[PDB]
Amino acid sequence: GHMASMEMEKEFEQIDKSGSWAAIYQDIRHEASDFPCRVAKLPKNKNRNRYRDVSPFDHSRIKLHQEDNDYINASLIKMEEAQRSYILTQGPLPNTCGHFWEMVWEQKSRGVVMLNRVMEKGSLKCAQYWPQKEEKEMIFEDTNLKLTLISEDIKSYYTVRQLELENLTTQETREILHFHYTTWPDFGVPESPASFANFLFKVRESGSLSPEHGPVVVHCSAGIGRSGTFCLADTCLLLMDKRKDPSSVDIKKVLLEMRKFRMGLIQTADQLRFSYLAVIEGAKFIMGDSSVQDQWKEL
Ligand SMILES: O=C(O)C(=O)Nc1sc2c(c1C(=O)O)CCNC2
Ligand SMILES: [Cl-]
Ligand SMILES: [Cl-]
Ligand SMILES: [Cl-]
Ligand SMILES: [Cl-]
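Given below as structure tokens:
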């Protein structure tokens, strides 16, 4: 609402003009929770982790419904006051794509949010874990899942795909929505915060964030940097609508709360700054502000 927006724009200006983004970000890194990741660091799970320095805390990790090995590099972020849950995970590996879709099935997710490209800066950041062609579906033999591209809607800043995920054991099928932000730059943050807020609204509008489904699955390459940006902005925007006076939302506090559930969320001070801008812009759109109706129309 109006007061939450005023306080946040005020705080943004305060930080920006003082050039305090780096100090604030370093404070966040210093204050951030430290919890054990013993399961992630077991020798048998080394090939299930994309990055040796990015692991899920034991207490919040997602468990596959597996007797042999229940490990996947994924964390449940449960935001109590905001009443939102998110699963943040690394980009699947050649050998963990079956695990990824097993997790989607078992957690009853409706949406997958992808914030990276399969190739970035000349290297592979994520396995091609979904089919690119309707007529070439994918079978994940280890978890007995079939995945078919049904349709896709290619926009300038993002792509939405309708996928059908089928449990081959039971022959039940589910519609999964793939929300792919395809224009995050190789260096720095997106030039358009409004395009990112708009992307979030498309995810929201599908129902993929709603309590009647399991938690949305969000990923970048490591599932902490861009992934943290997405969930932080969504939760801060929600809180800005639900608090009485004082209605203000403290982004640092929300981010520290989220970092209780997964390490390293938001990987740069630029990403922190960008999170502010996306929240500010999104709130203006929500409130029907006429000034942002313009450049939002070519979106
Ligand atoms: O994709 C993101 O936004 C993200 O968090 N990426 C991260 S975080 C992170 C790495 C990467 C990577 O992609 O190489 C490499 C090792 N250190 C931590
Ligand atoms: Cl082991
Ligand atoms: Cl891609
Ligand atoms: Cl707060
Ligand atoms: Cl960090």
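Position 124 of the sequence shown, counting from 1, maps to 119 under the deposited numbering, and the rest follow consecutively. Cβ atoms here follow ideal geometry from the backbone N, Cα and C, with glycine treated the same way.
- With a minimum length of 4 residues, the unbroken runs of alpha helix (DSSP H) contained wholly in the region 90 to 133 fall at 92 to 102.
- In this model, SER203 and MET109 are separated by some 13 angstroms (Cα to Cα).
- Non-local beta-carbon contacts of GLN157 in its own chain, meaning distances under 6 angstroms to residues more than five positions away in sequence, involve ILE145 and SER146 in chain order.
- If you keep only unbroken alpha helix (DSSP H) runs of at least 4 residues inside the region 166 to 224, you get 188 to 200.
- With contacts defined by Cβ atoms closer than 9 angstroms, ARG45 and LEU88 form a contacting pair.
- DSSP, reduced to helix, strand and coil, places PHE30 outside both helices and strands of the structure shown, so it counts as coil.
- Contact between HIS175 and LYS103 does not hold, since the beta-carbon distance rounds to 21 angstroms and is not under 8 angstroms.
- The C-beta separation of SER190 from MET3 comes to about 19 angstroms, leaving the pair out of contact by the 8 angstroms criterion.
- With fewer than 16 other Cβ atoms from the protein chains shown falling within 10 Å of its own Cβ, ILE134 counts as exposed.
- The beta-bridge partner set that DSSP reports for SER146 consists of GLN157.
- Nearest Cα to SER222 within the set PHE280, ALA69 and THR165: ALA69.
- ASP181 sits exposed, since fewer than 16 C-beta atoms from the chains shown fall within 10 Å of its C-beta.
- At a Cβ-Cβ threshold of 9 angstroms, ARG257 and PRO51 count as neighbours.
- For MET74, the three-state secondary structure derived from DSSP is strand.
- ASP63 and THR138 have their alpha carbons spaced roughly 12 angstroms apart.
- Between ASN193 and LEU294 the beta-carbon gap is near 5 angstroms, inside 8 angstroms, which marks them as a contact.
- For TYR46, the three-state secondary structure derived from DSSP is coil.
- The region 246 to 261 makes no contact with the region 281 to 292, as fewer than three CB pairs between them are under 8 angstroms.
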